[PDB]
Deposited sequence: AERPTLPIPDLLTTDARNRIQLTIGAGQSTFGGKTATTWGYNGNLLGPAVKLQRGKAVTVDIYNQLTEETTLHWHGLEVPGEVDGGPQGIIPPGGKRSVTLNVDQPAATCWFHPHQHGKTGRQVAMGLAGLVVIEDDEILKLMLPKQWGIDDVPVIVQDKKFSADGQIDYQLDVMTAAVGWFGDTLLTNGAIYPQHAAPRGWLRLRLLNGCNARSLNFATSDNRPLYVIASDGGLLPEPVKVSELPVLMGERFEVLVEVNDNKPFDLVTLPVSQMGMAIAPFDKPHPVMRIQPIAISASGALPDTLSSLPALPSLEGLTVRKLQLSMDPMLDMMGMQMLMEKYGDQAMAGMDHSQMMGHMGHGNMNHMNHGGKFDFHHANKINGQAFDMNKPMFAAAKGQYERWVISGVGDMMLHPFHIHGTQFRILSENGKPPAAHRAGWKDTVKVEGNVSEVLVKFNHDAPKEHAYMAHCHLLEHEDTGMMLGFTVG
């Protein structure tokens, strides 16, 4: 049969009352011809792309039609804690919450997803994610590919696994609390290996790793390059040509790729060196989507310069914050043992060369920052507003992958896991790799966050977050 076409999320803008309506609800999707219960925003699975403009405010009305509590976080948006939608931003089942977003950051592709305390991994795995497209005056002048769903297309890549009855098979248990929830089925905007028909010339892909725990590495099947034009928080100063593009959980990159008549090619993900993630079929390059060239000229440009990136400031005298990530050694060893027993040696491919003892030994609080599993009631510190700070995040002590995310900012990486950042990772980021080593970022918070609606900082391997690897912090 033919491949399904790549689903395109609707691009949503405000009404005359300056409102955007988002309904959270459960419905059915089909995977491989079997129905599954799934959750979506304004539909059964995934969500729309909310379009925002710098310097304009919009109001979002969020209707929770699930039968359990949820929250809605705008990953990558710099907004006050009161509207950030972290764990404290509860929307009761059957209820509504509205937030007004005063957008004040450069053009970028951001995204949104639940942040329910202890349950973020299940609620994302069940289907909830959407996109945010921020525009500003500067980016339109570049004349990039801009026809949504034609030569400018979002690519949300996620894995799932399913039980024999067809349902999503999600579990937060000792194994997934150590290495993450991952599956054997790759979805691209919710579809299995779709095709996208693109005009001749440049195709812009807005890539999101929406997996709970799987890192990805994008490339093309015939080795044509990808031109990175933007990271999590916006445009790079100029395009950066790459042959492959690692993307951690929750990160975005925008790339341009050439489309030539008569030569279809796949976007693929290459096997990664992360525990558990190279089990067949991910032990080999795995197609993400087929690009099918159409003999109609695409009008978008790849300019030589994209934007201006300010220099790093002097570092001397800046507040230095230490964030030590850690995993309980027993539950790390028990979860890795369960992974090895299940899949064998292949669960470490590509890597470098039973009784109840009480709540002190519960894996639900086994992962920690600065010795503490996340405590919703006690922000760990008060960060300055309007001031640059150097945050130092260490994963020394274990060898798991921690894509560390900080709410309320777009930062600059100074060191990524012990090395200067790659050029396409040197601009605006909201995630930094931490794996067995130390990273340092330069952050500044432009908005307030009080104790009652604190900002979060956490590993974005969702099963780590949900079992304690998160802290709250206030600003102002």
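Asker: So, counting the deposited sequence from position 1, which segments are absent from the coordinates?
Answerer: Unmodelled stretch: 354-366 only.
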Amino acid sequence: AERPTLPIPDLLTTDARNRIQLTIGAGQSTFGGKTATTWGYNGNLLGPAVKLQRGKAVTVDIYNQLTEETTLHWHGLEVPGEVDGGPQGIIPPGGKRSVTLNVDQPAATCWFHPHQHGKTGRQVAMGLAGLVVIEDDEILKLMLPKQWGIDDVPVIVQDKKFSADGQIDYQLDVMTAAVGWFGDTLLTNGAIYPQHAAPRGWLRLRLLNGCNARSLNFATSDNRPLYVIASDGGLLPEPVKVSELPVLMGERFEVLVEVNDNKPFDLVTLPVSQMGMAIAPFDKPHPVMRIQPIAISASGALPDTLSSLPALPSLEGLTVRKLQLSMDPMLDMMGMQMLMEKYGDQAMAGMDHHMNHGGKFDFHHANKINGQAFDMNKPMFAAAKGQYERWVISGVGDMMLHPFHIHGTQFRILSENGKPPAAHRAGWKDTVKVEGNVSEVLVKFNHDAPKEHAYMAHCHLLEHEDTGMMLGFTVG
From here on, numbers count along this sequence of modelled residues.
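Between two forms, the rigid core is defined as the largest C-alpha subset superposing within 1.5 Å.
Asker: Determine, for 296-304 and 194-202, which one has C-alphas that on average lie farther from this form in 7 other deposited structures of this protein; superpose on the rigid core first.
Answerer: Of 296-304 and 194-202, the stretch deviating more in 7 other deposited structures of this protein is 296-304.
Asker: After fitting on the rigid core, pick out whichever of 95-103 or 258-266 shows the bigger RMS C-alpha deviation in 7 other deposited structures of this protein.
Answerer: Higher average C-alpha offset in 7 other deposited structures of this protein goes to 258-266.
Asker: Report, as yes or no, whether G359 is left without coordinates in at least one third of the other compared entries.
Answerer: Missing in at least a third of the others, so yes.
Asker: Quick check on the record: does 332-340 or 315-323 carry the larger mean Cα temperature factor?
Answerer: Taking the mean B-factor of the alpha carbons in each, 315-323 is higher.
Asker: In the PDB record, does 173-181 or 358-366 carry the higher mean Cα temperature factor?
Answerer: Higher mean C-alpha B-factor: 358-366.
Asker: By the CA temperature factor listed in this entry, which of these ranks top: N377, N212, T109, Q147?
Answerer: Spelled out: the listed residue with the top C-alpha B-factor is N377.
Asker: Which has the highest CA B-factor per the PDB entry: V242, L101, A230, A191?
Answerer: That would be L101.
Asker: How does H286 rank on Cα B-factor within its chain, lowest, middle or highest third?
Answerer: Middle third of the chain for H286's C-alpha B-factor.
Asker: Mind checking which third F31 falls in for C-alpha B-factor across the chain?
Answerer: Highest third of the chain for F31's C-alpha B-factor.
Asker: Within this chain, which third does the Cα B-factor at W39 fall in: lowest, middle or highest?
Answerer: It belongs to the lowest third of the chain when residues are ordered by C-alpha B-factor.
Asker: Ranked by Cα temperature factor within the chain, is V247 in the lowest third, the middle third or the highest third?
Answerer: Lowest third - that is where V247 ends up once the chain's C-alpha B-factors are sorted.
Asker: Could you look up the Cα B-factor of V443 in the entry and say which third of the chain it sits in: lowest, middle or highest?
Answerer: For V443, whose C-alpha B-factor we compare with every modelled residue in the chain, the answer is the middle third.
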